[PDB]
Amino acid sequence: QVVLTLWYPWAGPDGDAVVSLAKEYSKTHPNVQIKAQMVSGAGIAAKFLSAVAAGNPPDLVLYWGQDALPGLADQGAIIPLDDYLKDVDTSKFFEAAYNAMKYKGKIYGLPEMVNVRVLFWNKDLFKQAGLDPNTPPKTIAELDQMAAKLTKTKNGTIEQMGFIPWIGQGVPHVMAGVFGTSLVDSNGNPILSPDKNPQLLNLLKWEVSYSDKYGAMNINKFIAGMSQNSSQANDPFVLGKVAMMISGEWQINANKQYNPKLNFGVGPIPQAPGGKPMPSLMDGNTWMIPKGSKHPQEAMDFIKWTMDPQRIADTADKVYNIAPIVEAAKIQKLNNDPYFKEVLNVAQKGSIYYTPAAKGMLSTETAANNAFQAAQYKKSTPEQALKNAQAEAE
Ligand SMILES: OC[C@H]1O[C@@H](O[C@H]2[C@H](O)[C@H](O)[C@H](O[C@H]3[C@H](O)[C@H](O)[C@@H](O)O[C@@H]3CO)O[C@@H]2CO)[C@@H](O)[C@@H](O)[C@@H]1O
Ligand SMILES: [Zn+2]
Ligand SMILES: [Zn+2]
Ligand SMILES: [Zn+2]
Ligand SMILES: [Zn+2]
C-alpha cells in the first residue's frame, strides 16, 4: 500500500548495497514498499530544494556528507527528528557522528556511515622509483620530494604522475583542515581571502606549485577521461597512473574491485606546515527527512531497521565504511583486514577534525572550489583568486 521514495547519492557498490537494503526491507514489510532512486549527491551537494519547494520531495534521503545539514535545517527544508527518536538509544552511535546531527537545539539527521580521509600510495611504482614501499611521506615536503621521483615526463608529455593535489579527496573543504584552517569562521562566515585566512593561501600556493612544475595543460591531458573527485573504476589511482592520492577509506573497495592485483598502501595524510600531524577529516553519510515527506514514520522505521548492529556491520563491510554504531564497528569483519586496520589506526592516532557547521557552507565551498581551479589554471594568481572568492562568497 504505502510506497516510500528514497534518494541515495551514488551508483556502484554503495548504490547496490542501498538498493539491496531497500529490497530486503520491503520483503519483510509487505505494507511498506521502498523505491530507491539514485540521484547524484542526493541533489544537494555544493534537485533537492527544487522538489521540496514544488511539494514533491522524496520521503527520505541519504547524503554523502554532513556539511549541508545546517543550511537545510535553517531553511526548514528538512524536518526535526526529536519526536521520532524517544525509542532510539542514540548513545549507541559514535558521539562525534551523532553530534554532527544537532542544529539550534534539534536533531535533523542520523549518521549512516563514518568516513575518514587517508593517503593511498602505489607500492609497485614506489619500488620502481627505488622507494621503500612501506614508507609513506610524513610531511608535505617529503610528499613533494617523493612525487618528483615518481613523475615521468617525455618532452612535456606526462607518462606517470607522482601526485596530483586536487584529485580524489584533495578538495578545498577537506584540505583546508590539513593546512590547519577552515573555509568559514566560528560564526559561519566565509574566510577565503589571504587577509582573513593566510593558511588557505598557503594551501592553494602549495597546489599551484604542481601546475607550475608540470603544466596545468599537461596534467589535464594526462588524466583526460578519468574520474577526478568521485572514486570509481576509472579514477587515476585505480588505473595505476598516479603513485599517491588522498581519498576516503572507501577507496580500498574501489581499488580491490577494479584491480585485485594492484599492490597499494593506505596511511595518514602528510602533515602540512601550520597543521597538525596525521591530519584527518572524520565525517559520514547522513539520513535526512525532508519537509513534505508523506510518510516520515515509515521512513524512520526503515532507518531504524538499517542501524541494527549486525546488519549495519554487514553493510559497512560491503562498502568499506566505518559503522556509525559503536558495537557494530567492533563486529565488522574488516577489523582483520590489513588495509582497514591502517584506516582504523588513523581514526585512533590521527589529529581528527570535523565538518564545520555554517548555514552558508555550500555556497562558500562553491566560491572556494572556483578559486582553486582558477589558480590551478593560471587564470589568476592565488592571492587574487582568493580575494575574488571572498567577494563571491559574501
Ligand atoms: O564512493 C562511495 C563513497 O562516497 C563517499 O562520498 C564521497 C563521494 O562519493 C564523492 O567523492 C564526493 O566528491 C564531491 C565532494 O564532496 C565535493 O562536494 C566536491 O569536491 O565535489 C565532489 C564531486 O562530487 O565526496 C564524498 C565524500 O564527502 C561517502 O559517501 C562514502 O560513504 C562512500 O563509500
Ligand atoms: Zn552495480
Ligand atoms: Zn563540505
Ligand atoms: Zn506513515
Ligand atoms: Zn519495521
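The values are calculated or read from the model by the stated rules, or taken from the named source; no laboratory instrument gave them. Quick reminder, even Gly has a Cβ in these numbers, built from the backbone with ideal geometry, and neighbours come from all protein chains shown.
Listed values, structure above:
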{"item": "Boolean, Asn202 is within 20 Å of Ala357 (Cα to Cα) and more than 16 Å from ligand 1 (Cβ to nearest atom)", "result": "no"}
{"item": "Meets criteria (within 16 Å of ligand 3 (Cβ to nearest atom), in contact with a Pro (Cβ under 7 Å, 6 or more places away or on another chain) and assigned by CATH to the domain that holds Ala53) for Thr286", "result": "yes"}
{"item": "Matching residues in the stretch 90-118 - criterion: being part of a helix (DSSP H, G or I) and surrounded by fewer than 23 Cβ atoms within 10 Å (Cβ to Cβ)", "result": "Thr90, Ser91, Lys92, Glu95, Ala96, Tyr98, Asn99"}
{"item": "Pairs, first on the phi > 0 side of the Ramachandran plot in the stretch 163-185, second more than 14 Å from ligand 1 (Cβ to nearest atom) and among the polar types (S, T, N, Q), C-beta under 6 Å, six or more apart", "result": "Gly180/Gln199"}
{"item": "Residue in the stretch 55-63 that is over 17 Å from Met307 (Cβ atoms), touching a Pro at 6+ places or on another chain (Cβ under 6 Å) and away from ligand 3 (no atom under 16 Å from the Cβ) present", "result": "yes"}
{"item": "Single residue of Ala272, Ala316, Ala254 found to be within 16 Å of ligand 2 (Cβ to nearest atom), aliphatic (A, V, I, L, M) and under 20 Å from the mean Cα position of the chain (by Cα)", "result": "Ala254"}
{"item": "Residues satisfying the stated conditions in the stretch 124-179, i.e. surrounded by fewer than 15 Cβ atoms within 10 Å (Cβ to Cβ) and of a type in the set (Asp, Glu)", "result": "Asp124, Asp132, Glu142, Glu159"}
{"item": "Residue check, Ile219 out of contact with any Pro (no Cβ under 9 Å at 6 or more places or on another chain) and either under 19 Å from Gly156 (Cβ atoms) or outside the structural domain of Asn369 (by CATH) (or both)", "result": "yes"}
{"item": "Residues satisfying the stated conditions in the stretch 1-54, i.e. more than 14 Å from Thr306 (Cβ to Cβ), among the aromatic types (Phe, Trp, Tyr) and near ligand 1 (Cβ under 10 Å from one of its atoms)", "result": "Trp10"}
{"item": "Which numbered condition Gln169 misses (of (1) more than 23 Å from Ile325 (Cα to Cα); (2) touching a strand residue (DSSP E or B) at 6+ places or on another chain (Cβ under 7 Å); (3) assigned to a helix (DSSP H, G or I))", "result": "(3)"}
{"item": "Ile252 being assigned by CATH to the domain that holds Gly177 and of a type in the set (A, V, I, L, M)", "result": "yes"}
{"item": "Residue within the stretch 305-314 that is within 16 Å of ligand 1 (Cβ to nearest atom), of a type outside the set (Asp, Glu), more than 25 Å from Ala254 (Cα to Cα) and out of contact with any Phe, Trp or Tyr (no Cβ under 7 Å at 6 or more places or on another chain) present", "result": "no"}
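Every residue, every condition in (1) over 24 Å from the mean Cα position of the chain (by Cα); (2) within 16 Å of ligand 2 (Cβ to nearest atom); (3) among the acidic types (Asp, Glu); (4) not assigned by CATH to the domain that holds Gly248, yes or no:
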position	(1), (2), (3), (4)
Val18	no, yes, no, yes
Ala22	no, yes, no, yes
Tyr25	yes, no, no, yes
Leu69	no, no, no, yes
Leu72	no, no, no, yes
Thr90	no, no, no, yes
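Results for (1) within 16 Å of ligand 5 (Cβ to nearest atom); (2) part of a helix (DSSP H, G or I); (3) surrounded by fewer than 18 Cβ atoms within 10 Å (Cβ to Cβ); (4) of a type in the set (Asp, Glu), shown as yes or no for each residue.
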| site | (1), (2), (3), (4) |
| --- | --- |
| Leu6 | yes, no, no, no |
| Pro13 | no, yes, yes, no |
| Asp16 | no, yes, yes, yes |
| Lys27 | yes, yes, yes, no |
| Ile34 | yes, no, no, no |
| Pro57 | no, no, no, no |
| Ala73 | no, yes, no, no |
| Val88 | yes, no, yes, no |
